[PDB]
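In structure tokens, the next block holds one chain alone, the form deposited in one PDB entry.
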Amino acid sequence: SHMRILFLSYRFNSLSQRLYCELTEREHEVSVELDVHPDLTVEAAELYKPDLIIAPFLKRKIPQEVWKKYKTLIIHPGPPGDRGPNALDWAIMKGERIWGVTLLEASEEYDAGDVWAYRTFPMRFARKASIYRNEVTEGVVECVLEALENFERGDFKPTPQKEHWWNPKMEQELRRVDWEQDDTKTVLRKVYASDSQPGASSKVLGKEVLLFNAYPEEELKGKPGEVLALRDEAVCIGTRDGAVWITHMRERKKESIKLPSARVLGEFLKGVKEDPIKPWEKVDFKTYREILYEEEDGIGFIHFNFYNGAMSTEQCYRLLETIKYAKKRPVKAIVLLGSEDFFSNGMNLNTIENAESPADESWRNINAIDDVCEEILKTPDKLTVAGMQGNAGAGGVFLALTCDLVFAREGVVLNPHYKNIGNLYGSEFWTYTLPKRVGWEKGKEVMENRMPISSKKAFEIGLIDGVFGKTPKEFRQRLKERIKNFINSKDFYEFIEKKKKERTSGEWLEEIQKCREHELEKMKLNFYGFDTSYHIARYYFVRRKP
């Protein structure tokens, strides 16, 4: 009932972090060992002497020395019998209607071990990373729990594979987007199967690129392969039967990084003109809406779909513009929803890494996100709510915390700390926000913890205000119901009374200004001072090896 569990992962990735939260918070010890070398793996296992080894995320054989001596269970993102290193990629390229996940034993043949548990699910037409983070992750969690229960019994015998098949590593030629030959559906299937790695190769404006994060376009039309418009740095490209938006691209070179399309395409883009759509406009056709504002039951909902939850300096100002709009509206509550897969991961480290001066662009980014946080804070006459449908890390968590109420879906993983990015001091009014919820001592413990915590755990420690919902859709409905109830009550007006008296106080208003200028002073030293931890850690996060 207190098992010692060793994780063998290539990287401590989203699924590995979620499993670590699920097991740790059920009182098991989990040691995490990143795949460096087979000799080092046998070493780490021999010291730790686990009762059970889980491989949430592997790129290569586990040494037979380890799994013939410790029970080793492998995660595989395919249904029983599916073998190979790109299971999801193939499932999407082939158009599988039904898919699944398999927890199988380690064996001498790749993925040929007996099955300990599996789940199946219906497949959405969506990015590989979104399938992985939702259906695959929730399914994996169920298999691992059912496997830990069967391990306790010891009277469990796994099921050998029957029908099986092999899919090899998928080559670039198969993902290559050809605009004259590929319809919109085919472009989306190729980009979906390659998002977020390795990307679909293509040529745009005569430049060889990798495509990322596609969206169908039903109004704009033109010459296939012709760039039709810009819109918040995304480009819309003619296909064989219509058009598609591509928000992010990467030059096909060693040192190049994923960036918004306009930054990759650059001066190659001069003829093209913007085609704006404000978030509050209503639209009858499918197009790409980075930020979306809709009103339901006297409630203002701000969706913001920032790729990978990274918030560029410019995306912060686009968001602030929408919060200012929402604040002049006949609405009683304003709810920041983020996206389904991410609430926010703070500053965009890719646009920072790309800038002429990363220190300068860091200065811009932190002041832009602080401007968003200050605007939320300065809402005396409305209720402010953060709805975390997906994961959040670093500054993105503390953005959420400036809202009056913070809710999250079950299974959301949070990293409210800067231990991965050179120990930035942090801003986003955390010195005002965090103590008001957990106290200066526990808040420091939280920011000192480099391991993840669940949405469940954050509820306990008072970090957030409630956790519910299994899916993003479910969580959204629940959140709308709960907020509609509250503003349709007398409590809402008694809540606002206090908020109005305190928030328009010159005491409070200058208290938060001291906090901002305090955090920004610390962050300025991180950005510009002798210790360069931040820039070293950014370089490796942004350019990590796949």
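Numbering starts at 1 and follows the sequence shown.
The PDB entry records a higher mean C-alpha B factor for 449-457 than for its counterpart among 336-344 and 449-457. Checked against the record, the higher mean CA B factor of 477-485 and 51-59 lies with 477-485. Looking only at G139, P77, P330, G238, the residue with the top Cα B factor in the deposited structure is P330. For the set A200, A386, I421, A214, the maximum C-alpha B-factor listed in the entry falls on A386. In the PDB entry, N150 places in the highest third of its chain by CA B-factor. Per-chain ranking of the deposited C-alpha B factor places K273 in the highest third. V397: CA B factor lies in the middle third for its chain, per the PDB record. Compared with the other modelled residues of the chain, the Cα B-factor recorded for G469 ranks in the lowest third.
In this PDB entry, the Cα temperature factor of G426 sits in the bottom third of its chain's modelled residues, the lowest group.
We do not show the form solved in complex with a small molecule, though everything after this point is about it.
Not one of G411, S455 and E460 comes within 4.5 Å of the small molecule in the entry with it bound, counting any heavy atom. Using a 4.5 angstroms threshold between heavy atoms, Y70 stays clear of the small molecule in the entry with it bound. The small molecule is not shown here, but in the entry with it bound it comes within 4.5 Å of a heavy atom of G84. Residue contact check for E135: none of its heavy atoms lie within 4.5 Å of the small molecule in the entry with it bound. Remark: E356 does not count among the residues lining the small molecule in the entry with it bound, judged by a heavy atom distance of 4.5 Å or less.
Across the options 36-44, 58-66, 476-484, 22-30, residues that bring heavy atoms within 4.5 Å of the small molecule in the entry with it bound belong to 58-66. Checked against the small molecule in the entry with it bound, the residues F468, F121, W166, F151 give one hit for a heavy atom within 4.5 Å, which is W166. The single contact residue among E109, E180, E267, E441, judged by any heavy atom lying within 4.5 Å of the small molecule in the entry with it bound, is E109.
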